[PDB]
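Peer 1: So I've got this experimental structure, pasted below with the sequence.
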Amino acid sequence: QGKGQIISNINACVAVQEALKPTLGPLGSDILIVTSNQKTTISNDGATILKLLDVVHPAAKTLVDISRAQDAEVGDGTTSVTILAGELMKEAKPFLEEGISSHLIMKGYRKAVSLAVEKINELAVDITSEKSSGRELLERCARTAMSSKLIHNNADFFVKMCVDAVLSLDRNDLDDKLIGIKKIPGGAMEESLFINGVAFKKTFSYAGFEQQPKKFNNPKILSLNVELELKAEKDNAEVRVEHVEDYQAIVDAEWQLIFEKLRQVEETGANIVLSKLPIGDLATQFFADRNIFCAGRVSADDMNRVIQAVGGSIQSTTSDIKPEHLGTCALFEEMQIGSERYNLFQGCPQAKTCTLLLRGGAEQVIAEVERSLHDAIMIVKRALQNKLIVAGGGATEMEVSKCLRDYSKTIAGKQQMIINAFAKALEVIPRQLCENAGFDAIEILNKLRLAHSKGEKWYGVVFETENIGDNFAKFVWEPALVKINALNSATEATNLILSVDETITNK
Amino acid sequence: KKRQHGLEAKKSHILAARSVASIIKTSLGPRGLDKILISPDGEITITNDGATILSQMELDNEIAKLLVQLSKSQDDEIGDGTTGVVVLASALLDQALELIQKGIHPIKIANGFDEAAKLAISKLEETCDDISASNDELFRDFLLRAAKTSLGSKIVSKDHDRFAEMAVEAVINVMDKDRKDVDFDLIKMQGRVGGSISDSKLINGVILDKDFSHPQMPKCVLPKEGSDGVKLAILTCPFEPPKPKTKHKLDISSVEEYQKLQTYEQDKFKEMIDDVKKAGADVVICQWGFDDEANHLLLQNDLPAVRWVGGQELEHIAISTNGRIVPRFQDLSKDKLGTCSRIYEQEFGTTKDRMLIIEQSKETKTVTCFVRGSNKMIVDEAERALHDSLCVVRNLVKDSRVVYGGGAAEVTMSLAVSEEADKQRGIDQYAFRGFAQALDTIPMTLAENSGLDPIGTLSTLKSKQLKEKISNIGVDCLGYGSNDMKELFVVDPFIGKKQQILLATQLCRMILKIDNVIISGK
Amino acid sequence: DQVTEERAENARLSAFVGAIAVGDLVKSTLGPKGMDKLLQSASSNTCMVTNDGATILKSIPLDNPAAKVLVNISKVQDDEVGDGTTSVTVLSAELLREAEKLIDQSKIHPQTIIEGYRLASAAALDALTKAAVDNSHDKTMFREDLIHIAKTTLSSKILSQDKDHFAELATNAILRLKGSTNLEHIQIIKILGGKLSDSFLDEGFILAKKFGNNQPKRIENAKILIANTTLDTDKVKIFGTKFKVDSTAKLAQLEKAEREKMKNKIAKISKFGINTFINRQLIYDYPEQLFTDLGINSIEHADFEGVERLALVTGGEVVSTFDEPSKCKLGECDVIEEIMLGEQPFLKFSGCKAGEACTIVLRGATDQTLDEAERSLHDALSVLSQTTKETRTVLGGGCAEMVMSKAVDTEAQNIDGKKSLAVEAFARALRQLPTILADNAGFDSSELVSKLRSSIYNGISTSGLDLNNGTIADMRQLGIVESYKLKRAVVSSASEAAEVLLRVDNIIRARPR
Amino acid sequence: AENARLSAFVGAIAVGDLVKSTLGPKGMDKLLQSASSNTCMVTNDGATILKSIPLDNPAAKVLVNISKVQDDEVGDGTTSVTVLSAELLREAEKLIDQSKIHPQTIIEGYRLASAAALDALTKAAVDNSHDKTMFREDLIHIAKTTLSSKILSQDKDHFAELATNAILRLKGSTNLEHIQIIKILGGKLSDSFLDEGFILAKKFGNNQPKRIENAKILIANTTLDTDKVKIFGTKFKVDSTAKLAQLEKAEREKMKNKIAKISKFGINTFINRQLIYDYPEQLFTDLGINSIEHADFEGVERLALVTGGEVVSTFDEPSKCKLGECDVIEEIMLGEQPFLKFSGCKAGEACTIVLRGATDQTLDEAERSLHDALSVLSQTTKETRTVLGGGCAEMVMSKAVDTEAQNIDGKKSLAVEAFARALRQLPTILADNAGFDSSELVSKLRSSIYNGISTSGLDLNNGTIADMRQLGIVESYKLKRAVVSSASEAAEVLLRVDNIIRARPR
């Protein structure tokens, strides 16, 4: 209660803030976090770090709630939102000792963000024209994120395969569900394949395994939810019987019910028959003689992706199948990686989605790879509606940082110090970079003051050559529009935490 | 929960597995020693395998999961010479501790390993030999030369000639005439405890723990009058007197209706035995039990049968006999009958349980090595040793390049990385040399268990490889004297050393990036 | 957590003492002059007194893994010799003790010690092969040498003083089997009471069951039938059936149909023309009286193990599905009568149709000898059956281990080097096996063994140790000889198991659950 | 035999295995950390090791008493005394249990072996006596054998000339109190100085001159502390303080009369046993006489042997008793604290050796080296026979033990040969610390002596067989006889134990 309760809520965010310090930047290190799912998460970006982080103090859930908002919004580099919001609370400790209310602090940071929305539009420039565009601009923006996390050395081969997968995305549609992919364990870390359609692992074994043909030239896709096995009827199988010969007829009727449905599966002739439920060994030896691809225990999400790809449908009756319920594709090639067969759907009637097949035994690698694809669709969405970018490396916030010091210097007295603390809080982004890079933050930040004033605008910080240079001319860029919602979301969350003077816990 | 920052969790975290991996260091090479590991259930497993010990061993630090996660991918990738490879997997993290004290950034330490890893592989491609350039006869001779060094690793290496023909003849049955193919899935080794270890033979098929029921007939019938593979058959549906499995009720309004229920099964008893006798199938495997009244008529019609056979073994029988297991009694036909050359039950001990053995003398899809031994503990150890041989031949198939073994590879690439480190200069000159320095600990560790001077042997290797570029000079593990590996027929797969070192280098890049350790309960 | 790990310092000493501590109990069980041990079980308060460590070491809890593999390999010895197999653990304990003193003196690497045992085992196989004698060429001496082979293998139990009375049992029984290696054919029955020498070998089968009510105790020229069909429990069904009736009139008709079910079932049994019927399960009262009306014997409660031994000894066949009367075979015996052996009277069979199997009647003083004679007869004819397959034999009784010592000492000269220390250590440890045997009878293991050592080097193969008089006597005169197949598996498995125990540099103890 | 003797065999061997690393010149020193007082001591000799270690086995405590015998008689290389007896207990675990022989018969086998061992030591002894020219020159190499068993061997050649000149100044003195060993912190072992005189760690007075030539030194047992102690149960009865102030002041002049009696001697140096009051101390300055005090007991005794004087209590007669004279008594400051250096003694009655070292543990431990080495030099003068060590003496005795085994034969030969095998394990343990091959070195030494070469021996420096006469390895017969005869009889008592009686603790 009182000023001590606010500090207690800030100290709860410091434990999260200190853990996310290595999580920002290409040269930032990684943190090890163990969860209740027995999944060890070693990652760079703090996107999935805040979701799997164990929350102790109740006030720490404020940074988690705002993280999911920026998760679907940006998703890449969102760990700096809580770091900047943490600095606003950390630098508020000398403000709590004074008589400045949190609402006076609310108006201080809001005027800096309200102008920052206008500065980002001014600091950026419309590119378009004959300059960097698709197959070029998309490669420059995706290389910054991906190469800043993992596969540092081999990113030339690794990122190039992922950028070529995003190239299949076209305008006028821009569906957000196209980022769905799968996880393939095993294989070499430097080897990756490209697939334009849904891939699903066997996950079961049966006697007709080695007899299953892996190559179909012109298959026909059919989706059915009917489970093939000997089992009791839906509601009640009780049958009143008088004659003795009718009991064997029931055994025949139970067979005739299944055996007639087994013939209806082969009567359609579709070279691809998928079952939503498991498939038993009763229909194996029968259906195997027909030599048609079949997969059981298929997840409901993978079945819905096929419906959204070839336009198929799931029906429980074979006689009700319509002519358009049978889909066709260009080629079907079943790939086997590590004694695990994978189906491949190539040339769907409409497919804008590309499912990347990865390799390696480490499960935590795909966490950022799926996140890189989540950022890749954000780059495409933000490159169309509004065309502009800014420099990469994280020096964009330092350009507007001094612009806030110049304007607010003459503006209404005490409000200078509050805004100056915000501009001072914006320096944490290059501060954590210089700490993890072994550089000198004193000499660099002093040169940035001249680099962001007499050095015009676009000059950034180059980590490779250990010097200060232009990232805009280097062609390495960072999405500009992702910082608009990132800076404004941290202010409303910081103003909410500083406005809580007491915490109630029942029981 | 404990608070660890700075060098606390950036050093002791690596030092933890450093002391754990030094335990199995004494098991490196054929000169290694075994270990005892007690399972939490109370059972005791004695083996020297690095992957088997670390799999069942329960440790404290979370770095143990990083060592097990690598071994999971190594089994599906290479998994060859596990006792030899498991030691060098942790040798990359030992050298990184010295670069931290010198002031090099941890990420610069990790990024410097991948730079020198691609150059070390290119140097190894100079001295590699192509075994596929010869014919099939010389290829099998190269397998015999490789099976001496490669196959034999662990105990039972006393007599290696008994298992030499086991691994060679196993890949001959299933293989392509152009020497591009592999199947390790249909090859399963089921051993038993008995006799001597030198009694192992080659019998293609499966070994069933269940014998022929109703001990009222002969244990085995070697020939068959119908010939054509004895007509093996397997019923998928359980064998029982036919009755509806779903809930039903019977209504008996007269004594005649009760008498018809008596002849009900009686008519089905003759119907089930005649459908099998009409097809003439001698071997009929029932998955779940059988009927007690039918336990006789099978012998009356001369129809040997078994009960309670696992579904995993049933898949290997149908693919070996080129038949199809019968899904339904009405679907029974002579077209689904299999082919079995010879079937018999092994005497094993005095009584115990007679083991049914299905054998195909001709070419078959299921290859199996008959294995018997006196010691019970060596069973699981000797099987998994020969199970890796399936991937050994696979490495020689998919990769035609073969390099001379005996630790001569790491010494060959040591001189190349030392010269390539001087081209970059900067701070990476000591970082690239450190990556080759960690590989130089492998030859010094090989001579540690044998009692040979680690540096005195290593100094001769670089001195001999300086005059001649041939890599046949390598560390002598077994004390053969002169270090030439060409006369000793010591060769290792190229892709074996390639991936196992590369995947270990790719994993240690993310390991050295660990700063804080946060552990939460399940 | 709570994982106690021992490095090469602690694990090397702890693994060697583990097999020596528990191995001291099986050292005094060697040979016919060996002693026995007692074990106190916390459950049921039972005990087992025997010289065979297969039932001793298995029930002794031990935290030392060194002897865990020694118990598993005892099943291999239980499948080959079965009597006096404790020498495998004793010799292995000596190899661990000599190697413990070899590493403390020579200080060579343990892997070099194993390489010495590898070359020493090759010289042991050459001495046993060159000394192998095959008497199977003469059928007259072959049947007489089976007695000499028996006298060696049949002395285990405290009752070995009765071997002279028990030698005729295994001599004629192995001739009746004519190649039957299975114990399911051999009929072994236990009887409490009577003198220790009252055990005899009868031709026939002995059944511990009786006749229910009216069945005459003496039946001559009877056809024995074995059936797995259900009698006692009758109507038990197990259908999907339920019972619904309008009045009690048809309720009794179901019981009348039960009589018609058994009346039609006994009609098919009456078509067999049998005077004797045997069921796996119990017999209900109604078919029990039908058996007496038609003059058919009744035998019930034959378990899964006993239902086979009936047809295996008598040469019959278990018959089911009575609808085929003439498609099966019927057992026949000359005299079927009830006798009295001990307190419980037994059913005796005589004049079996097939002499493929025999019945051994065992009568003894105490219940401790029941399981004791079972262990001695666990492998008795099977040991003689393995001599029928492998006919090469060699003189045993402690001399064969001394003959192999001459071959190892000869091979040690051709090897020399620093590996001969482990080769000589195997020869020194092998000569200590008969030394412990002489320690069991309380005789001199110093002067006698020293004379037996020089006698082998002088070129006398037949020289051996006399157990009764405690002197030097020829094994051909005493009749002590063992087959080549049994002794080869004892020496080889003892050396192979010792190679694994010397390789333990670490002992990991996980926290119990 | 089993429960009677159990820990008496393995327990005694486990104690010898701890000191196994301490045996031999190439061995290492063990750290003794006491559970009380938080002190520590580093010593090779088993006299201190076995004394401070807790021993649960009563047979192990017996090994301490036999160690104290070799500690006073020899003191160097006493580790092999208890180790040799431990090997006899290992062979007794077999012959008594396995071979089933009564323990007294095994003891009788060692009794006849002990008589045969004494015959091999006397016949193989080399006589070095008569002329002291080549004898004293050989004492340089003879001492180096047992001189340094430590890691300090770098001081061998340096202390070889000092230890040789030490007995030269004694001129046949067999008393170990006539030599003075000084332990000084700091410096190196090669900085040790040897002069004729004595160096005291005390100092002179305030005004006492730093250099005095031809000074006459006289000691005494009196007490100058203050006044006069007189007899017990005294008191002062006076009318007032006028007489009391005179009684206390007059006795200061009465002590001056005793100092006036000192001036009649004409001595330039005075030494008192107890402390001296300032007034009689200043009276020594007026007469120009040095003063030395604070000597508990041996302070005045060690200086009496060097100066050759006599304690004079009465100071009555300047005629009889003794007057010592030293050429130069000048105070010489060495290290930190100032020292009193005496030179030009009246005779060679005593001598002083000064030692300097950086580690305090080296001063206390190396003191036992020169203390035992001078005892060896006194035994080589008395006992004229010497033998050859370095592993050769054990194989020579093994030739005589194996020879006696052929005459006795019977079943006692197993106990006689076991005694020879126990003598074969000592050089194996001796060469175990160097880390060389046992089977290679022992077989070359054992077979060479059977061929008639008694001059060979084990060389642990080069790892081969070399001549012990060329390397300078020589042991006196008094040292060899005392170790073998005691170690043979040490295990004789340990083998007589048929029962263990454990008393109730207090």
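Peer 2: That came in fine, so what should we check first? Residues are numbered from 1 along each chain as shown, chains lettered A, B, ... in the order given.
Peer 1: Could you use CA atoms for every contact and neighbour count after this?
Peer 2: OK.
Peer 1: What segments of the stretch 51-200 of chain B are strands?
Peer 2: B:129-130, B:192-193 (DSSP state E, counting those that start in this stretch).
Peer 1: One more: the stretch 151-300 of chain C?
Peer 2: Applying DSSP E, counting those that start in this stretch to the stretch 151-300 of chain C gives strands spanning C:187-192, C:201-202, C:206-207, C:218-227, C:276-279, C:297-299.
Peer 1: outside of the first one, which residues touch it?
Peer 2: Just to be clear, that refers to strand C:187-192. C:205-206, C:309, C:313, C:341-343, C:357-367, C:370 (Cα atoms under 8 Å, 6 or more residues apart in numbering or on different chains).
Peer 1: Okay, helices next: where are they in the stretch 151-300 of chain C?
Peer 2: Counting by DSSP state H, counting those that start in this stretch, one finds helices in the stretch 151-300 of chain C at the ranges C:163-177, C:248-270, C:285-293.
Peer 1: Can you give me every residue that contacts residue C:463?
Peer 2: C:399, C:452, C:455, C:456, C:472, C:473, C:474, C:475.
Peer 1: What distance do you get for the residue of chain B found nearest chain A to residue A:371?
Peer 2: Closest contact between chain B and chain A, by Cα to the nearest Cα, is at residue B:522 (3.8 Å). Distance of residue B:522 to residue A:371, computed by Cα to Cα, to the nearest Å: 25 Å.
Peer 1: ok, those two, which is more surrounded?
Peer 2: Shown here are residue B:522 and residue A:371; by other Cα atoms under 10 Å in any protein chain shown, residue A:371 has more neighbours (19 against 9).
Peer 1: Now render the strands of the stretch 151-300 of chain C as a markdown table, adding mean neighbour count.
Peer 2: Listed next are the strands of the stretch 151-300 of chain C as a markdown table, based on neighbours: other Cα atoms under 10 Å in any protein chain shown:
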| stretch | mean neighbour count |
| --- | --- |
| strand C:187-192 | 18 |
| strand C:201-202 | 16 |
| strand C:206-207 | 20 |
| strand C:218-227 | 20 |
| strand C:276-279 | 22 |
| strand C:297-299 | 25 |
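Peer 1: give me the residue from the stretch 101-250 of chain C nearest chain D.
Peer 2: Minimum separation of the stretch 101-250 of chain C from chain D (Cα to the nearest Cα) falls at residue C:106, amounting to 7.0 Å.
Peer 1: sorry, back to before: filter the contacts of strand C:187-192 down to the ones in strands?
Peer 2: C:206, C:359, C:360, C:361, C:362, C:363, C:364 (DSSP state E).
Peer 1: which residue packs closest to residue 479, ignoring adjacent ones?
Peer 2: Went with chain A since none was named. With Cα to Cα, 6 or more residues apart in numbering or on different chains as the criterion, residue A:479 has its nearest non-adjacent residue at 5.5 Å, and that residue is residue A:389.
Peer 1: Chain B, not that one
Peer 2: In space, residue B:479 is closest to residue B:450, 7.4 Å off (Cα to Cα, 6+ apart).
Peer 1: Around that neighbour, count how many other residues there are.
Peer 2: Applying other Cα under 10 Å, I find that residue B:450 has 20 neighbouring residues.
Peer 1: For it, list the residues it contacts.
Peer 2: So residue B:450 contacts B:31, B:477, B:478, B:479, C:109 (Cα under 8 Å, 6+ apart).
Peer 1: Report the contact partners of residue 71.
Peer 2: Because you didn't say which chain, this covers chain A. A:47, A:78.
Peer 1: I was after chain C.
Peer 2: C:54, C:57, C:58.
Peer 1: how about the strands in the stretch 251-400 of chain A?
Peer 2: Under DSSP E, counting those that start in this stretch, the stretch 251-400 of chain A gives strands at A:272-275, A:293-295, A:314-315, A:327-328, A:332-333, A:335-336, A:341-342, A:355-357, A:390-391.
Peer 1: That should have said the stretch 351-500 of chain B, apologies.
Peer 2: B:355-359, B:369-370, B:372-373, B:401-404, B:491-493.
Peer 1: Kindly reformat these as a markdown table containing mean neighbour count.
Peer 2: Converted to a markdown table, the strands of the stretch 351-500 of chain B look like this (neighbours: other Cα under 10 Å):
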| stretch | mean neighbour count |
| --- | --- |
| strand B:355-359 | 21 |
| strand B:369-370 | 22 |
| strand B:372-373 | 22 |
| strand B:401-404 | 23 |
| strand B:491-493 | 25 |
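Peer 1: Please tabulate those strands in CSV and include distance to chain D as additional columns.
Peer 2: Compiled in CSV, these are given as follows (distance: least, Cα to the nearest Cα, whole Å):
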stretch, distance to chain D
strand B:355-359, 46
strand B:369-370, 45
strand B:372-373, 35
strand B:401-404, 34
strand B:491-493, 35
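Peer 1: Nearest to residue A:112, out of those?
Peer 2: Distance to residue A:112, taken as Cα to Cα, is lowest for strand B:491-493 among the strands of the stretch 351-500 of chain B, at 64.1 Å.
Peer 1: Just give me how far the closest one sits from the chain centre.
Peer 2: 18 Å (Cα atoms, centre = their mean, to the nearest Å).
Peer 1: Remind me what that strand packs against, helices and strands.
Peer 2: Where contact means 3 or more Cα pairs under 8 Å, 6 or more residues apart in numbering or on different chains; DSSP states H and E, strand B:491-493 is packed against helix B:136-146, helix B:389-398, strand B:401-404.
Peer 1: Throw these into a markdown table and include distance to chain A, thanks.
Peer 2: Shown next, in a markdown table, are the helices and strands packed on strand B:491-493 (distance: least, Cα to the nearest Cα, whole Å):
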| stretch | distance to chain A |
| --- | --- |
| helix B:136-146 | 24 |
| helix B:389-398 | 12 |
| strand B:401-404 | 19 |
